[PDB]
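Only one chain is given next, in structure tokens, and it is the form deposited in one PDB entry.
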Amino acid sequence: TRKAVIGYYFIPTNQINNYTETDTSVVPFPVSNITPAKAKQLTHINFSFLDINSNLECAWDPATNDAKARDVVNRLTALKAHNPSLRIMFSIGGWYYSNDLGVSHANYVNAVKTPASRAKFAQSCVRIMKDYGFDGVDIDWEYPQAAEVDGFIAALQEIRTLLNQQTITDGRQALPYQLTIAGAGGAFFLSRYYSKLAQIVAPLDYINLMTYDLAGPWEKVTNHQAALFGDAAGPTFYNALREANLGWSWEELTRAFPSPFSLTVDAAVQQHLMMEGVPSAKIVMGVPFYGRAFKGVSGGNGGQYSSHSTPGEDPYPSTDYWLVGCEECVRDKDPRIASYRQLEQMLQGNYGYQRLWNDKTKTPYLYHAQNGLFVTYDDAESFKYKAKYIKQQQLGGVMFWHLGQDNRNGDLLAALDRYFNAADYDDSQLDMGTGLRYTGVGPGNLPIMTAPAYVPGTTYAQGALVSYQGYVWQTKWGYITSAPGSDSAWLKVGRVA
């Protein structure tokens, strides 16, 4: 099965309103930069972003020139002429609209509350999808929590119902409408809905994990934002999942959630796989086409794991664009984020950057020894490891933010497509390294085990293993006269074949 390659196409309202394909000062990345070759390398383009308005309906930013919006979407859908598998999805939400402190957050929370609000919202998603010619719905609510999850799940199920009927109504069996969401790629936000992952993913074609932004100026120690595996020399984090409302015992929580742990892509993927009912085929690994930068870093380890003096505030609080040679940073008024395209130019221009590689995390980084700068990002090399991981772990594919950040040659996207589909690319011998793997085991993903059937009336000693009602259980203390599962003395440690 072909691996998904889901690229975001993000275009701000002002750019849609002033859309032009011949003025990069107005529209840096027009749809025309998505060439037929690039179109063929993609399976999905997530057009972003639509939002949920106060009427609790999926809607374009009210300030959008609708005609221009249609034209931009048309340009993307026309790309399907180059690739019959391509879907132009549209994404609702995103960090700015939907984070807790985002302007539209209330609308996401309220839209999913009742059968009526969910029906109204779901219908609007499909209406928007059909009206503009999109091929599916992607929701990027970052992130529902608490009592919002059940409503969110129901809204997803509703949209799913509507999309499946729409596929029939339109005779779209050859390219059915799809439903996806951007999911957290780090334990902190993931903990908000982790316990219900199975229900959330059930109605989805894919859950695209934001397995990046795992480091940034909001953290006191510089680090790789998307390490595939962990570097023991790097910072570790509190495993927030152990605090999720799972109802598991101390032993189960401990087995599943080692803490502190290495905040890596592997950790997020394995954390999803520890949950029963979450198919690897639906998990899409997100990768960033941009780097995050810090200033004030110390030397010695190329800027890695150092204190720094980078403001973490959003928006960037100053006018000091200190990322040497980053012109797009000036444009976006923030020296803390830079497209791979821009980083590559910085590397090519005598700006003082040194490209280094961490072979544990399998990710690159730039170190500016002169001005004490550190940039964590991904490139075609880190993508080899991530692509092999995607194939080895049987994940659904890769997602990335965003198309305009690839270099002009579209090397990152070409690299992803190559690693998955090129007959002449062979990563069979690519060494995945000795970086730290996430080793948690969830009661939902226990290994197959074999043990003598439990015998009622038997008094078991501590450490005894028995098979019973589909699982192999182990006693946690002795003089056990209870049947496994009937009390607290037994721990499910394996599945019976």
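A residue's number is simply how far along the shown sequence it sits, counting from 1. If you superpose the two forms and keep the largest set of C-alpha atoms that fall within 1.5 Å, you have the rigid core.
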Mean temperature factor over C-alpha atoms, higher-scoring stretch between 5-13 and 19-27 | 19-27
Entry-level comparison of average CA B-factors, 53-61 and 440-448, reporting the higher stretch | 440-448
Which one, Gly133, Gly397, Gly291, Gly372, has the peak C-alpha temperature factor per the PDB entry?
-> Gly372
Residue of maximum C-alpha B factor among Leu214, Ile390, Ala233, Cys125, per deposited coordinates = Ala233
Compared with the other modelled residues in the chain, in which third is the CA B-factor of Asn46?
-> lowest
Chain thirds by Cα B factor, record data; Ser318 belongs to the highest
Lowest, middle or highest third - CA B-factor, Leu343 = middle
Third of the chain, ranked by Cα B-factor, where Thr361 sits | middle
Place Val221 in the lowest, middle or highest third of its chain's C-alpha B-factors, as listed in the PDB entry.
-> highest
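Form deposited in another entry: not shown, discussed below.
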With the two forms aligned on the rigid core, which of the residues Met432, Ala59, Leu436, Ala464 moves its CA by 2 Å or more between this form and the one not shown?
-> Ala464
